Amino acid sequence: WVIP
Amino acid sequence: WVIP
Amino acid sequence: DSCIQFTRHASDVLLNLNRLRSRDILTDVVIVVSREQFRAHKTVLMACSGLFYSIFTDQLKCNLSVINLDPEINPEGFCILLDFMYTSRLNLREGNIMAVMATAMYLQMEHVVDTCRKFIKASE
Amino acid sequence: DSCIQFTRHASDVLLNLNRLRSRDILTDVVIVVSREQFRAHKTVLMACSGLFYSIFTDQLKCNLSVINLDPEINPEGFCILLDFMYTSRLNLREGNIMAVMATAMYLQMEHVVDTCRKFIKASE
Ligand SMILES: O=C1Cc2cc(Nc3nc(Cl)ncc3Br)ccc2N1
Ligand SMILES: O=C1Cc2cc(Nc3nc(Cl)ncc3Br)ccc2N1
Ligand SMILES: [Cl-]
Ligand SMILES: [Cl-]
């Protein structure tokens, strides 16, 4: 999971 | 396009 | 093999599937969550959820145009997860994390369940 | 928004759509290319091809279970492109590049047409  |  | 790969292909396909969903094109099922209805593509639901995979591979249920979810399922939690299925983006907030995790466990969406458990463990 | 994103989601969805194709699950159309038949999902074809997008948004053609391609279309070229649609991998070879490019132009698959033109320009 990432900060888009 | 890339070499997978 | 000696194949080449187009990096953005999977993302572009999903973006187009979401455009079809937004315009209600070729949607083939309604998911009923209490008083709310959500139109979707059976294939996308199966590709994202262990529960929908089991439902639509069933020889009788594969032909249903309406699927009613358990009454304990929160419509907002379902909406957030349906958006995730079609975009890879999860709108996870302190106010919705419990409903989202409960819905992801029911839908059998392992990666969503995992991030919810991690975000909850951080706030305790 | 304040969304988080699951990097591998789009790829995992496409992998699952390809698994459904391999087991012939919920395929809803046959594409006829001369003597050959290819089963597929209308939504995936539309998401990958400008031609299939136009065909299945047509109020009459959207309901057809069989689509016949132009007789000039090569079945192997179509097969290679259908595999690409479901996997992001293109099996481009000196022996098939001309058929693949001609099929990608007909199907309106701009990125495939672009790499074919580049690979052809390099060999001249
Ligand atoms: O957390 C998750 C997400 C998910 C998706 C599917 N979907 C499919 N799985 C397989 Cl093996 N083949 C085709 C399809 Br469609 C099955 C289980 C799960 N569990
Ligand atoms: O080279 C390409 C690939 C492609 C795909 C689509 N598909 C869609 N396009 C739009 Cl805008 N909305 C929903 C869908 Br499905 C249209 C044109 C093209 N040209
Ligand atoms: Cl997931
Ligand atoms: Cl393309």
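Conventions used here
- Residues numbered from 1 in each chain as written, not as in the entry; some residues may be left out.
- Chains lettered and ligands numbered in written order.
- Heavy atoms only, no water.
- Residues with missing side-chain atoms left out of burial classes, pairs and counts.
- Near = heavy atom within 4 Å.
- Polar contact = N/O pair within 3.5 Å; in protein donor to acceptor, adjacent residues only side chain to side chain.
- Areas by Shrake-Rupley, 256 points an atom, 1.4 Å probe, with all protein chains shown as cover.
- Helix = DSSP H or I, 4+ residues; strand = E, 2+ residues; numbered from the N terminus.
- Nonpolar A, V, L, I, M, F, W, Y, C, P; charged D, E, K, R; others polar.
- Contact = heavy atoms within 4.5 Å.
- Salt bridge = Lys/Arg side-chain N within 4 Å of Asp/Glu carboxyl O.
- Buried < 20%, exposed > 50% of the residue type's maximum accessible area, 1.4 Å probe, protein only.
- Pairing = 2+ DSSP bridges.
- Axes fitted to C-alpha atoms, helices over the stretch in contact; angles between N-to-C directions.
- Least-squares fit on C-alpha atoms.
- UniProt positions renumbered as here; feature names shortened; annotations may be inferred.
- Parallel < 35°, antiparallel > 145°, perpendicular 65-115°, else oblique.
- Left-handed = near helix turned anticlockwise from the far one by under 90°.

Method of determination, as given in the entry header: X-ray crystallography; reported resolution: 1.7500 Å.

Novice: Describe the site of ligand 1, with residues and values.
Specialist: The environment of ligand 1 is made up of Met 46, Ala 47, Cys 48, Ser 49, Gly 50, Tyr 53, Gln 108, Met 109 and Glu 110 of chain C together with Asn 16, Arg 19 and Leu 20 of chain D. Around ligand 1 the close residues trace back to chains C and D. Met 46 of chain C is positioned with one of its backbone polar atoms (N or O) 2.8 Å from a nitrogen atom of ligand 1. The protein chains hide 73% of the 460 Å² of surface that ligand 1 would expose on its own. Breaking the shell around ligand 1 down by element, the ones donating at least two residues are α2 (42-48) and α3 (50-56) of chain C together with α1 (9-22) of chain D.

Novice: Quick one: what's the story with the site of ligand 2, residue by residue and with numbers?
Specialist: Around ligand 2 lies a shell formed by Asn 16, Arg 19 and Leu 20 of chain C together with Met 46, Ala 47, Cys 48, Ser 49, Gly 50, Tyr 53, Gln 108, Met 109 and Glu 110 of chain D. Ligand 2 sits at a junction of chains, with neighbouring residues supplied by chains C and D. With respect to ligand 2, the backbone of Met 46 of chain D contributes an N or O atom lying 2.8 Å from a nitrogen atom. Here an oxygen atom of ligand 2 and a backbone polar atom of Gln 108 of chain D are 2.9 Å apart. When contributions to the shell around ligand 2 are tallied by element, the ones reaching two or more residues are α1 (9-22) of chain C together with α2 (42-48) and α3 (50-56) of chain D. Class assignment of the residues belonging to the shell around ligand 2 gives a composition of six nonpolar, four polar and two charged.

Novice: Just give me the short version of the arrangement of the chains, but keep the residues and values in it.
Specialist: Among the five pairs of chains in contact, the pair with the most contacts is chains C and D. Where chain A comes nearest to chain B, the C-alpha atoms are still 22 Å apart, and the two do not contact one another.

Novice: Report on the pattern of salt bridges, specifying residues and quantitative values.
Specialist: Enumeration over the complete set of coordinates arrives at four salt bridges over all chains. A salt bridge links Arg 39 of chain C to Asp 24 of chain C; the shortest N-O distance between them is 3.1 Å. Of the two residues, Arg 39 of chain C sits in strand β3 (residues 36-40) while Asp 24 of chain C sits in the loop between α1 and β2 (29-33), which places them 15 residues apart along the sequence. Taking relative accessible area as the criterion, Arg 39 of chain C reaches 35% and is therefore assigned partly exposed. Relative accessible area serves as the criterion here: at 41%, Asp 24 of chain C is assigned to the partly exposed category. The partner of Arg 21 of chain D in a salt bridge is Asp 83 of chain D, and the shortest N-O contact between them spans 3.2 Å. Highlighted residues: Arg 21 of chain D in helix α1 and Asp 83 of chain D in helix α4 (residues 75-87), separated in sequence by 62 residues. You can call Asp 83 of chain D partly exposed: its relative accessible area is 31%.

Novice: Mind laying out the pairing of strand β3 (residues 36-40) of chain D, listing which residues take part and the relevant values?
Specialist: Residue and element names in this part refer to chain D. Direction of pairing for strand β2 (residues 29-33) relative to β3: antiparallel, over a ladder of five bridges. Looking across to β3, one finds that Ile 31 is bridged to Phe 38. In textbook terms, the turn of a hairpin is the stretch between consecutive antiparallel strands, and for β2 and β3 this stretch comprises two residues, one of which, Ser 34, has a positive phi near 60°.

Novice: Residue-level account of the sheet that holds β2 of chain D, with values.
Specialist: Residues and elements named next belong to chain D. On the basis of which strands lie adjacent, the open sheet formed by three strands has the order β3-β2-β4 and mixed pairing. Only two strands of the sheet have a single partner each, and these edge strands are β3 and β4 (66-68). Going across the sheet, the axis of each strand differs from the next one's by a mean of 25°, ignoring polarity. Lying over the sheet, α4 contacts β2 and β3, oriented at roughly 10° with respect to β3.

Novice: Describe the relation of the copies chain D and chain C, listing the residues and the values that go with them.
Specialist: For the match of chain D to chain C, the screw axis carries a shift of 0.0 Å, the RMSD comes to 0.0 Å, and the turn is 180°. A rotation of that kind, with that shift, is consistent with a two-fold axis. Ranked by how close their C-alpha atoms come to the rotation axis, the residues of chain D are headed by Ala 10 of chain D, at 2.6 Å.

Novice: Quick rundown of the UniProt feature "domain: BTB" in chain C? Include the residues and the values.
Specialist: In this numbering, the UniProt entry assigns the feature "domain: BTB" to residues 27-94 of chain C. Within residues 27-94 of chain C, the helical portion is 40% and the strand portion 22%, while the C-alpha atoms at the span's ends are 32 Å from each other.

Novice: Could you give an account of the packing of helix α5 (residues 97-107) of chain D against helix α6 (residues 110-123) of chain D, with specific residues and numbers?
Specialist: Residue and element names in this part refer to chain D. Following both chains from N to C, one finds α5 and α6 inclined at 150°, their axes separated by 9 Å at the closest point. Relative to α6, the element α5 is oriented roughly antiparallel. In this structure, α5 meets α6 at a crossing whose hand is left-handed. Two secondary-structure elements touch here, α5 through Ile 97, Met 98, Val 100, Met 101, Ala 104 and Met 105 and α6 through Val 112, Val 113, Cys 116, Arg 117, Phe 119 and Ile 120.

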